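These notes concern the structure reproduced below.
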Amino acid sequence: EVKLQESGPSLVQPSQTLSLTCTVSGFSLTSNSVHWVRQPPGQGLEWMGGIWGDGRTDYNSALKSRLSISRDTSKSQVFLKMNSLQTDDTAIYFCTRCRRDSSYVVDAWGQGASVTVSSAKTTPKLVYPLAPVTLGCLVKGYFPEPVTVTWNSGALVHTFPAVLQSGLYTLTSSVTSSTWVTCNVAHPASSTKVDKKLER
Amino acid sequence: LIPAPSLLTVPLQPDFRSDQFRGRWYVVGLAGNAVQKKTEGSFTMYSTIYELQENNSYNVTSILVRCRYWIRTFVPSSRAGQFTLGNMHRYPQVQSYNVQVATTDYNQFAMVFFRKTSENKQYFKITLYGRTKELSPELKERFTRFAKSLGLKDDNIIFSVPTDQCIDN
Amino acid sequence: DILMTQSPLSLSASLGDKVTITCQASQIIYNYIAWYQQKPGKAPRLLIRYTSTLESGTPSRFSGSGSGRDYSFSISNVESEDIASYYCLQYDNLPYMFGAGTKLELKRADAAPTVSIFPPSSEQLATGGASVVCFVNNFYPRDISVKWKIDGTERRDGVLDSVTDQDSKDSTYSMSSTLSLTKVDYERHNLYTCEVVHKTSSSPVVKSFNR
């Protein structure tokens with residue numbers, strides 16, 4: 001089966017340089033293009049650039065100055081490096097491929113890598129039990145996004161979008177029941193993983 | 001009519017260089033989706049001159065025996081080697097016009113891809129250009145394989161009988 | 001570049017409605033257009049390529065037509081799982097260019113919210129913090145007002161609302177409202193009220209706790 005996975009640090013200072021790696025599987029870079037498309041929060045999709053099977057590359061003219069797309073054919077890896085970052089480069093960076101046979105249509109996408117361009121540091125959530133039926137989880141003061149919340153490791157529940165207050169994110173999640181459960185909060189960025197049984 | 005290829009699938013002479021492509025080209029052979037050897041058979045040769053302007057566009061002038069002068073402006077498109085037709089609004093019969101230099105070595109030959117929409121019909125062709133009026137069978141064969149590659153067949157390929165009248169400028 | 005004007009920007013649809021997105025290209029693109037579906041959180045997946053060709057996996061209720069500069073995508077019978085953003089793509093030439101997109105929202109029967117209030121945790125209070133949480137769940141339509149009052153003084157400052165994306169299950173929205181407050185200002189007051197008003201509501205819905 002064809003697979004693409006974006007990876008690399010998902011928090012970058014405005015000063016610094018973004019570096020994402022895309023590890024493809026199910027196909028060869030010799031025979032396929034890999035192109036990066038990005039999507040800022042609540043906005044459309046933007047093609048940034050690409051590396052064709054030939055090894056040659058092309059870029060969005062708006063980013064040619066800053067963007068560099070390379071690859072390692074043997075390791076099945078395609079690399080992105082973008083510099084002179086700004087807050088507005090915050091987005092989900094998708095890894096993608098297009099084949100000659102399909103006339104270079106985009107037919108495979110990675111999961112996408114959240115990239116937050118911020119000067120703010122990483123911080124883990126404190127998780128609080130929310131009890132009075134409906135119960136809740138309060139996940140307070142983490143950075144950057146995202147967190148995944150699950151209940152009883154998958155007995156499904158609403159998880160609301162996080163809101164930003166003073167440089168830190170807060171999120172809540174509810175699960176509804178009758179007889180009456182533990183929260184499962186995870187925070188990739190800070191390798192945090194907590195469980196909050198809510199008693200009472 | 002066979003469907004037009006995309007500009008991503010049609011090759012693009014890499015680091016195309018306006019400077020070396022300019023000048024006189026002779027149309028050695030032409031191949032395309034409206035061409036019929038069985039009915040058409042062959043055609044008198046004609047020249048095309050690409051005069052590089054300071055815009056970096058070309059003032060393209062085709063000299064044809066009949067002399068008849070077909071003069072157009074080719075404007076550089078998104079990637080070097082690609083062009084559209086300047087002021088297309090002045091051509092009633094043209095709703096789309098793409099030009100793409102598929103392959104050239106600037107000295108001897110070039111294979112250039114022309115696509116267009118007239119009267120709601122989608123046409124396309126590739127000319128075998130040559131800086132001389134004659135070219136190697138390898139290149140004639142190569143050109144054949146190239147148009148076959150685009151979906152065309154042997155009845156879609158045609159070669160020009162050369163002449164001395166008009167086209168030598 | 002080739003510019004792609006996609007419309008409408010947003011669409012509201014009842015289940016089983018025929019819906020048609022439309023895209024106009026700045027130049028003719030000789031049928032080299034594709035349509036993508038994107039559910040929130042996931043990537044876009046291709047539905048149709050080359051104007052009208054369905055992918056393995058695309059249900060038949062999806063289709064596309066057009067030629068020249070003008071193209072369209074139609075769902076013949078909208079289902080719950082069709083809820084997403086749809087995008088058109090030109091791939092005739094670089095740069096690849098996507099339409100601005102169509103966010104498709106599903107319409108449904110009115111649904112009155114279930115309002116729950118929560119006092120701060122003993123844990124949070126230990127760390128000198130005090131957030132009061134009010135879940136307003138499974139309402140439709142999307143327009144709603146939540147209010148907070150502390151001892152009868154409408155509390156605006158220190159309140160944040162976020163709302164859920166439409167439920168692919170029952171097509172409702174749910175809202176979470178917090179009131180963030182220090183332990184010490186929390187304890188100066190006793191009565192905390194979460195006051196909701198909605199289309200479905202004949203009277204304000206009010207859940208409260210005394211400290």
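Chain labels follow the order of the structure tokens: the first chain is A, the next B, and so on; residue numbering restarts at 1 in every chain, and ligands are counted from 1 in their shown order.
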Write down, as a PyMOL selection string, each residue of chain A that has any atom within 7 Å of an atom of chain C, counting only C-alpha atoms. chain A and resi 44-45+47+60+104-105+107+109+111-112+128-132+160-161+163
Using only C-alpha atoms, please write the residues we just selected to a file, as a short mmCIF file (atom, residue, chain, number, x, y, z; two decimals), in the first residue's frame.
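Resulting contents of out06.cif:
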data_model
loop_
_atom_site.label_atom_id
_atom_site.label_comp_id
_atom_site.auth_asym_id
_atom_site.auth_seq_id
_atom_site.Cartn_x
_atom_site.Cartn_y
_atom_site.Cartn_z
CA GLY A 44 -7.06 26.84 1.84
CA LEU A 45 -4.35 24.65 0.40
CA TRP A 47 1.41 24.05 -3.22
CA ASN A 60 6.12 28.33 -5.52
CA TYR A 104 0.61 14.30 -12.27
CA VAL A 105 -2.64 14.60 -10.28
CA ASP A 107 -3.34 11.13 -5.35
CA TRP A 109 -1.20 12.57 1.08
CA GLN A 111 -1.23 12.78 7.64
CA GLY A 112 0.32 16.25 7.76
CA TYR A 128 -8.22 18.15 35.97
CA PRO A 129 -11.25 15.95 36.62
CA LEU A 130 -14.56 17.54 35.82
CA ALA A 131 -17.48 16.03 37.79
CA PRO A 132 -20.93 17.30 38.92
CA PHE A 160 -13.82 21.12 21.93
CA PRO A 161 -11.30 23.23 20.07
CA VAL A 163 -8.61 28.36 23.04
#
If the cut-off is 9 Å, can you tell me the residues of chain B near chain A, counting only C-alpha atoms? I'd like them as a PyMOL selection string. chain B and resi 5-6+8-9
Write to file, as a CSV table (one decimal), in the first residue's frame, the residues of the selection just made, with N, CA and C atoms.
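again_2.csv, written as the output of this step:
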chain,number,residue,atom,x,y,z
B,5,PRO,N,-2.6,16.5,-24.2
B,5,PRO,CA,-1.9,16.3,-23.0
B,5,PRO,C,-1.7,17.6,-22.1
B,6,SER,N,-1.5,17.4,-20.8
B,6,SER,CA,-1.2,18.5,-19.9
B,6,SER,C,0.2,19.0,-20.1
B,8,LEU,N,2.3,19.5,-17.7
B,8,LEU,CA,3.1,18.7,-16.9
B,8,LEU,C,3.6,17.4,-17.5
B,9,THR,N,2.8,16.8,-18.4
B,9,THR,CA,3.2,15.5,-19.0
B,9,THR,C,4.0,15.8,-20.3
Env of residue 81 of chain B: 10 Å cut, atoms = only C-alpha atoms, seq-sep filter 3 positions within chain, self excluded. Answer as a count of residues only. 18
Could you list, with a cut-off of 10 Å and counting only C-alpha atoms, the residues of chain B near chain C, each shown with its nearest atom pair and the distance in Å rounded to one decimal, rows sorted by chain and ascending number, as a Markdown table?
| residue | atom | partner | partner_atom | distance |
| --- | --- | --- | --- | --- |
| B:3 | CA | C:30 | CA | 8.3 |
| B:4 | CA | C:30 | CA | 6.8 |
| B:5 | CA | C:30 | CA | 8.1 |
| B:6 | CA | C:92 | CA | 4.9 |
| B:7 | CA | C:93 | CA | 5.3 |
| B:8 | CA | C:93 | CA | 5.6 |
| B:9 | CA | C:92 | CA | 8.5 |
| B:77 | CA | C:1 | CA | 8.2 |
| B:78 | CA | C:1 | CA | 6.4 |
| B:79 | CA | C:94 | CA | 7.6 |
| B:82 | CA | C:93 | CA | 9.9 |
| B:95 | CA | C:28 | CA | 7.9 |
| B:96 | CA | C:28 | CA | 6.2 |
| B:97 | CA | C:28 | CA | 9.0 |
| B:98 | CA | C:28 | CA | 9.9 |
| B:115 | CA | C:30 | CA | 9.7 |
| B:116 | CA | C:28 | CA | 9.2 |
| B:117 | CA | C:28 | CA | 8.3 |
| B:120 | CA | C:68 | CA | 8.3 |
| B:121 | CA | C:68 | CA | 9.7 |
| B:122 | CA | C:30 | CA | 7.7 |
May I have the selected residues written with N, CA and C atoms, as an mmCIF file, in the first residue's frame?
data_model
loop_
_atom_site.group_PDB
_atom_site.id
_atom_site.type_symbol
_atom_site.label_atom_id
_atom_site.label_comp_id
_atom_site.auth_asym_id
_atom_site.auth_seq_id
_atom_site.Cartn_x
_atom_site.Cartn_y
_atom_site.Cartn_z
ATOM 1 N N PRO B 3 -7.333 13.423 -27.113
ATOM 2 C CA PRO B 3 -7.296 14.473 -26.100
ATOM 3 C C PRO B 3 -5.915 15.079 -25.888
ATOM 4 N N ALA B 4 -5.890 16.404 -25.729
ATOM 5 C CA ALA B 4 -4.675 17.164 -25.390
ATOM 6 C C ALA B 4 -3.943 16.723 -24.083
ATOM 7 N N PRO B 5 -2.621 16.508 -24.169
ATOM 8 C CA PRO B 5 -1.855 16.294 -22.958
ATOM 9 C C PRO B 5 -1.733 17.560 -22.113
ATOM 10 N N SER B 6 -1.474 17.368 -20.823
ATOM 11 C CA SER B 6 -1.207 18.458 -19.902
ATOM 12 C C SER B 6 0.193 18.958 -20.128
ATOM 13 N N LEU B 7 0.472 20.168 -19.637
ATOM 14 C CA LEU B 7 1.796 20.779 -19.747
ATOM 15 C C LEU B 7 2.764 20.164 -18.774
ATOM 16 N N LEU B 8 2.256 19.473 -17.750
ATOM 17 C CA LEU B 8 3.125 18.687 -16.873
ATOM 18 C C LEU B 8 3.604 17.375 -17.539
ATOM 19 N N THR B 9 2.794 16.792 -18.418
ATOM 20 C CA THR B 9 3.157 15.522 -19.033
ATOM 21 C C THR B 9 4.022 15.777 -20.262
ATOM 22 N N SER B 77 5.439 32.092 -20.152
ATOM 23 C CA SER B 77 4.444 31.641 -19.208
ATOM 24 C C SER B 77 5.118 31.301 -17.869
ATOM 25 N N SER B 78 4.535 30.374 -17.102
ATOM 26 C CA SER B 78 5.011 30.064 -15.739
ATOM 27 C C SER B 78 6.426 29.453 -15.647
ATOM 28 N N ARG B 79 6.815 28.621 -16.600
ATOM 29 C CA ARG B 79 8.144 27.987 -16.572
ATOM 30 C C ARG B 79 8.886 28.291 -17.868
ATOM 31 N N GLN B 82 7.942 27.670 -21.718
ATOM 32 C CA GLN B 82 6.503 27.786 -21.982
ATOM 33 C C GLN B 82 6.092 29.190 -22.440
ATOM 34 N N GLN B 95 -9.363 30.650 -28.304
ATOM 35 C CA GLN B 95 -9.768 30.791 -26.916
ATOM 36 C C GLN B 95 -8.682 30.298 -25.942
ATOM 37 N N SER B 96 -7.683 29.576 -26.451
ATOM 38 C CA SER B 96 -6.565 29.078 -25.642
ATOM 39 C C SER B 96 -5.363 28.875 -26.546
ATOM 40 N N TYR B 97 -4.167 29.220 -26.080
ATOM 41 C CA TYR B 97 -2.952 28.963 -26.883
ATOM 42 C C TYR B 97 -1.692 28.758 -26.027
ATOM 43 N N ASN B 98 -1.229 27.518 -25.983
ATOM 44 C CA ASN B 98 -0.049 27.141 -25.228
ATOM 45 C C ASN B 98 1.088 26.708 -26.153
ATOM 46 N N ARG B 115 -0.515 23.758 -28.329
ATOM 47 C CA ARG B 115 -1.860 23.332 -27.952
ATOM 48 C C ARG B 115 -2.795 24.521 -28.115
ATOM 49 N N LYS B 116 -4.051 24.277 -28.487
ATOM 50 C CA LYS B 116 -5.016 25.388 -28.641
ATOM 51 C C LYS B 116 -6.478 24.975 -28.688
ATOM 52 N N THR B 117 -7.336 25.956 -28.449
ATOM 53 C CA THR B 117 -8.770 25.755 -28.525
ATOM 54 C C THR B 117 -9.333 26.731 -29.537
ATOM 55 N N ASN B 120 -14.452 25.760 -30.062
ATOM 56 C CA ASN B 120 -14.766 24.743 -29.048
ATOM 57 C C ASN B 120 -14.223 23.352 -29.377
ATOM 58 N N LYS B 121 -13.082 23.294 -30.058
ATOM 59 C CA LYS B 121 -12.407 22.024 -30.358
ATOM 60 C C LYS B 121 -10.966 22.098 -29.848
ATOM 61 N N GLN B 122 -10.514 21.026 -29.212
ATOM 62 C CA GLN B 122 -9.198 20.987 -28.578
ATOM 63 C C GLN B 122 -8.145 20.358 -29.514
#
Quick one: residues within 7 Å of residue 63 of chain B, only C-alpha atoms, excluding same-chain residues fewer than 5 positions away - as a list in words?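 The contact residues come out as residues 46, 47, 48, 68, 69, 70, 166 and 167 of chain B.
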Taking N, CA and C atoms for each residue, export the selection above as an mmCIF file, in the first residue's frame.
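Below is the file that was written, out-v4.cif:
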data_model
loop_
_atom_site.group_PDB
_atom_site.id
_atom_site.type_symbol
_atom_site.label_atom_id
_atom_site.label_comp_id
_atom_site.auth_asym_id
_atom_site.auth_seq_id
_atom_site.Cartn_x
_atom_site.Cartn_y
_atom_site.Cartn_z
ATOM 1 N N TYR B 46 7.825 25.593 -44.375
ATOM 2 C CA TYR B 46 7.787 27.002 -43.996
ATOM 3 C C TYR B 46 8.739 27.248 -42.821
ATOM 4 N N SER B 47 9.249 28.480 -42.734
ATOM 5 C CA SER B 47 10.147 28.892 -41.660
ATOM 6 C C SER B 47 9.367 29.574 -40.525
ATOM 7 N N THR B 48 9.946 29.545 -39.326
ATOM 8 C CA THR B 48 9.497 30.362 -38.194
ATOM 9 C C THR B 48 10.716 31.053 -37.553
ATOM 10 N N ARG B 68 3.687 34.649 -47.622
ATOM 11 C CA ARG B 68 2.621 34.986 -46.689
ATOM 12 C C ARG B 68 3.268 35.049 -45.305
ATOM 13 N N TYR B 69 2.964 36.092 -44.540
ATOM 14 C CA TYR B 69 3.654 36.313 -43.271
ATOM 15 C C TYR B 69 2.713 36.244 -42.079
ATOM 16 N N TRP B 70 2.888 35.202 -41.270
ATOM 17 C CA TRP B 70 2.067 34.953 -40.082
ATOM 18 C C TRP B 70 2.875 35.426 -38.902
ATOM 19 N N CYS B 166 10.786 32.210 -50.635
ATOM 20 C CA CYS B 166 10.347 32.898 -49.414
ATOM 21 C C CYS B 166 11.127 32.584 -48.131
ATOM 22 N N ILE B 167 11.166 31.313 -47.735
ATOM 23 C CA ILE B 167 11.540 30.937 -46.360
ATOM 24 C C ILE B 167 12.966 31.250 -45.898
#
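Proximity ranking of A:19, A:63, A:119, A:93 relative to residue 81 of chain A places A:19 first, based on only C-alpha atoms.
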Give me, please, the distance in Å between atom CA of residue 51 of chain C and atom CA of residue 4 of chain C, quoted to one decimal. 14.2 Å
